[PDB]
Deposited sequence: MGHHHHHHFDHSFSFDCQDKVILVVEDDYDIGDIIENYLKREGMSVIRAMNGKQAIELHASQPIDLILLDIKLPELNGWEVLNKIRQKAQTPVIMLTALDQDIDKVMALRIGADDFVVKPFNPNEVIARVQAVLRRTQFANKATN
């Protein structure tokens, strides 16, 4: 997973910092987006290998962010979710995955590495 680049889309700075240092200490590179517009910009400009996408974004919603990215590229996604809209959550499998909030940060590492290996 070394050098793999993870786009972390999360508006809570502390939660995003926790995810970031857990991923970096495993040897991955991290790019932070604080909202959906930034996620779309950074996905376009950076060589992203996987997107970790919180459904709870300030203006747009995780699902329509994902739809906008999808019609462009098939980049793997792991959605961070509290579990309504459970239908398209289960649909993520799929080749994608999800992490339920609150999570143990080690689960994020494990699912990122697994999805990357799979894809």
property: Chain regions without C-alpha coordinates, deposited sequence numbering; result: 1-16, 100-101, 138-145
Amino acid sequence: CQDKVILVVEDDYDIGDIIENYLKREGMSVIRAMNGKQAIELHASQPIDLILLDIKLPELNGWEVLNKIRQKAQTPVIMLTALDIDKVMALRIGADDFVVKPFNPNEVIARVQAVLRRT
From here on, numbers count along this sequence of modelled residues.
item: Residue range whose averaged C-alpha B-factor is higher in the record, 49-57 or 70-78; value: 70-78
item: Of 29-37 and 85-93, the one with larger mean CA B-factor; value: 85-93
item: Third of the chain, ranked by Cα B-factor, where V8 sits; value: lowest
